[PDB]
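>>> I would like the atomic coordinates for the input below:
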Amino acid sequence: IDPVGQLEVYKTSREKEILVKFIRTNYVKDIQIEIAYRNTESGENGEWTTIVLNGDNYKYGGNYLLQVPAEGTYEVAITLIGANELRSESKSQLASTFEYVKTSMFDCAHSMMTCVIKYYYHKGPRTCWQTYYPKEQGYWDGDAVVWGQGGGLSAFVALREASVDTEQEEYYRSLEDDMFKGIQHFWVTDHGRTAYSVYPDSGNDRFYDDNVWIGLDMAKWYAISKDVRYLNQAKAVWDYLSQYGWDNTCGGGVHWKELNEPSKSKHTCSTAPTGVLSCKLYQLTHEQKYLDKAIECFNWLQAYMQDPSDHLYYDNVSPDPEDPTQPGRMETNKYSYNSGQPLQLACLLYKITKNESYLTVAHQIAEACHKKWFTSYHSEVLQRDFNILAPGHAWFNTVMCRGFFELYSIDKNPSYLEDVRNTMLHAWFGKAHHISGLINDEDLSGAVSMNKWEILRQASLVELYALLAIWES
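Numbering: from 1, shown residues only. Please see the structure below:
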């Protein structure tokens with residue numbers, strides 16, 4: 001019995017799969033095709049898993065997809081079998097395959113960031129991020145407002161951290177000076193105050209929350225590199241939030257719009273991350289003023305902004321007109337990041353103070369966030385069920401997830417983060433992963449086609465892959 005003329009085996013795009021391609025030297029009638037495999041870990045005495053095919057359905061050879069039990073390298077042997085079970089010589093080849101669940105989150109973060117940089121980074125005169133891909137014009141050569149720049153910065157800083165001790169450490173380090181120079185174009189002196197304006201010139205609007213996001217990532221960046229220019233930006237942002245953002249109208253809390261026409265409302269989205277930033281600066285410096293502010297932020301959020309019925313946080317409160325120290329009209333809409341930042345804050349305060357009441361609060365918020373913003377899902381590509389991040393603002397959701405990473409740091413319970421990780425695995429291998437290399441961020445299940453993507457949302461997803469990588473590490 002003549003053997004197969006050729007055998008080649010290949011990894012495919014799907015997990016736990018080996019594509020077997022074979023050529024029959026000549027077609028012989030009534031020949032059976034035995035395809036056998038074994039994981040090479042068992043050695044030469046390892047048992048084979050075998051299937052026998054009718055050669056009349058593979059007259060000149062063909063291909064067959066082997067579904068194997070796990071990631072690994074496999075020996076695949078083809079033997080042709082004639083009458084009286086007379087076996088030809090066997091031919092063998094090795095191939096390796098993978099499991100989706102063993103995907104490197106870092107490799108996802110880096111591969112997506114390569115796309116995000118390619119499509120958004122340094123397209124005009126500044127080493128800054130474009131708002132949109134595909135290219136659009138508008139103000140400032142299409143560069144994003146500082147909120148969007150900050151989303152890009154969060155992604156960059158998370159990758160700078162996640163790439164430490166990897167092949168990409170040098171590359172992300174390489175980018176630091178231009179990343180810093182780019183965001184600093186938005187560090188604007190206007191009306192005797194220097195802070196991050198929406199666009200890189202005086203005369204623009206300026207928001208306290210825009211600033212806190214940058215401050216947070218400057219604090220994170222400082223912890224990686226120990227370059228005090230990052231610490232000084234985090235400190236300067238905190239000083240601005242403290243001196244100008246905070247007052248005791250509505251009982252406390254941080255303002256929203258500083259310029260050009262100031263707001264009077266107090267917002268979770270500037271107060272909660274101000275508390276987080278205060279925690280981070282306390283951990284870096286041990287200076288009590290930071291911890292005092294963190295506690296003030298938390299206490300105000302608990303007293304005024306948390307709905308006792310579901311543990312989730314309202315948007316913003318405006319002052320009572322007749323006594324602005326008292327709360328007035330409440331905007332009750334609940335956004336993910338406005339409960340995930342209080343979660344992160346509660347977790348940091350627990351770690352700093354060891355007061356168990358902060359952890360009790362944290363667990364309540366985490367459960368409420370998981371109930372509200374995740375939903376039971378079956379991933380066809382992953383062949384697995386989990387609670388996917390429901391359709392929504394990807395940057396809000398990544399900012400929320402920061403609180404879940406913070407909570408894991410305390411209790412080491414991976415349940416919530418496994419849902420986050422499976423969401424991102426599904427976003428990587430499922431239909432949300434667009435052929436451009438961007439992700440259809442409106443709905444990570446893949447149900448929503450997109451043809452235009454913005455940096456704040458794309459960068460959010462790079463960030464989340466990188467946060468998952470840091471968590472894995």
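>>> hey, where'd the strands end up in the stretch 201-350 of the chain?
206-207, 257-259, 266-267, 316-320, 323-331 (DSSP state E, counting those that start in this stretch).
>>> determine which stretch of the ones you listed is the most buried.
Per residue and on average, the most neighbours among these fall to strand 266-267, with a mean of 27 (mean count of other Cβ atoms under 10 Å). No exception for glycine: its C-beta is placed from N, CA and C like everyone else's.
>>> distance between that one and the chain's centre?
How far strand 266-267 lies from its chain's middle: 26 Å, per Cα atoms, centre = their mean, to the nearest Å.
>>> what does that strand contact?
Strand 266-267 has contacts (Cβ atoms under 8 Å, 6 or more residues apart in numbering) with 208-209, 249-250, 252-256, 300, 304, 315-319.
>>> returning to that earlier point: same list (the strands of the stretch 201-350 of the chain) but as TSV, adding distance to residue 458.
Supplementary listing: these in TSV, determined by distance: least, Cβ to Cβ, whole Å:
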stretch	distance to residue 458
strand 206-207	21
strand 257-259	26
strand 266-267	25
strand 316-320	27
strand 323-331	28
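>>> which residues touch the nearest residue to residue 112 once chain neighbours are set aside?
Distances taken as Cβ to Cβ, 6 or more residues apart in numbering place residue 462 nearest to residue 112, at 5.1 Å, with adjacent residues excluded. The neighbours of residue 462, taking Cβ under 8 Å, 6+ apart as the test, are 109, 112, 113, 116, 155, 158, 159.
>>> in what helix or strand does the fourth one lie?
Put plainly, it is residue 116. In the assignment (DSSP states H and E), residue 116 maps to helix 105-120.
>>> residues contacting that helix, please?
Residues contacting helix 105-120 (Cβ under 8 Å, 6+ apart): 129-130, 133, 152, 155-156, 158-159, 162-163, 166, 168, 421, 424, 428, 436-439, 455, 458-459, 461-462, 465-466, 468-469, 471-473.
>>> weed out the non-buried ones from the residues you listed.
The neighbour count (16 or more other Cβ atoms under 10 Å) marks 129-130, 133, 152, 155-156, 158-159, 162-163, 166, 168, 421, 424, 428, 438-439, 455, 458-459, 461-462, 465-466, 468-469, 471 as buried among these.
>>> among these, which lie within strands?
residue 133 (DSSP state E).
>>> quick revisit: max pairwise distance over the contacts of strand 266-267: which two?
209 and 319 (18.2 Å; Cβ to Cβ).
>>> list phi and psi for the nearest residue to residue 51 once chain neighbours are set aside.
In space, and not counting its chain neighbours, residue 51 is closest to residue 35: 5.5 Å by Cβ to Cβ, 6+ apart. With angles defined as degrees, to the nearest 10, residue 35 sits at phi -110, psi 120.
>>> what's the neighbour count on residue 35?
22 (other Cβ atoms under 10 Å).
>>> correct me, but residue 318 touches residue 253?
No: if you go by Cβ atoms under 8 Å, residue 318 and residue 253 don't touch, sitting 10.8 Å apart.
>>> mind giving me the domain ranges of this protein?
According to curated CATH domains, the chain comprises the domains 1-98, 99-473.
>>> so of these, which one's packed in deepest?
Note that of those, domain 99-473 is the most buried (mean count of other Cβ under 10 Å), with a mean of 20.
>>> if we can go back for a sec, just the CA coordinates of the helix holding residue 116, formatted as CSV?
Taking Å, rounded to 0.1, in the frame of the first residue of the first chain, the C-alpha atoms of helix 105-120 are listed here in CSV:
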residue,chain,number,x,y,z
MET,A,105,-4.1,40.2,27.0
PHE,A,106,-0.9,42.2,26.5
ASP,A,107,-0.5,41.0,22.9
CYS,A,108,-4.1,42.1,22.3
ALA,A,109,-3.4,45.5,23.9
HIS,A,110,-0.2,46.0,21.9
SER,A,111,-1.7,44.8,18.6
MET,A,112,-4.7,47.1,18.9
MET,A,113,-2.6,50.0,20.1
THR,A,114,-0.5,49.6,16.9
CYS,A,115,-3.7,50.1,15.0
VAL,A,116,-4.8,53.0,17.1
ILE,A,117,-1.4,54.7,16.7
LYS,A,118,-1.5,54.1,13.0
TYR,A,119,-4.9,55.6,12.6
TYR,A,120,-5.0,58.3,15.2
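>>> distance from that helix to the middle of the chain?
11 Å.
>>> how far away is the residue nearest to residue 361 when sequence neighbours are not counted from residue 268?
Take residue 361 and drop its neighbours on the chain: the residue closest to it by Cβ to Cβ, 6+ apart is residue 346, 4.7 Å away. Residue 346 is 13 Å from residue 268, where distance means Cβ to Cβ, to the nearest Å.
>>> ok so, going back, now render the contacts of residue 462 as CSV, adding distance to residue 230.
What follows is these, written out as CSV (distance: Cβ to Cβ, whole Å):
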residue, distance to residue 230
109, 20
112, 24
113, 19
116, 21
155, 16
158, 14
159, 15
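>>> and the residue lying farthest from the centre of the chain, how far from residue 59?
In the chain, the greatest distance from the average C-alpha position (Cα atoms, centre = their mean) is reached by residue 84, at 59.4 Å. Residue 84 sits 22 Å away from residue 59, going by Cβ to Cβ.
>>> one step back: show only the entries of the contacts of strand 266-267 found in helices.
Using DSSP state H to define helices, the subset of the contacts of strand 266-267 located there is 208, 209, 300.
>>> residue 275: which of those residues is nearest?
Nearest member of the ones in helices among the contacts of strand 266-267 to residue 275, counting by Cβ to Cβ, is residue 300, at 8.8 Å.
>>> what's the nearest residue to that closest one if we skip its chain neighbours?
residue 252 (3.7 Å).
>>> returning to that earlier point: quick check, the residue farthest from the centre of the chain in a strand?
No: the assignment for residue 84 (DSSP: H, G, I helix; E, B strand; the rest coil) gives helix, which keeps it out of a strand.
>>> what sits against it?
Residue 84 neighbours (Cβ under 8 Å, 6+ apart): none.
>>> try residue 195
187, 188, 206, 211, 236, 237, 240, 258.
>>> three-state assignment of it?
The three-state assignment at residue 195 reads strand, by three-state DSSP.
>>> any idea how far it is from residue 26?
79 Å.
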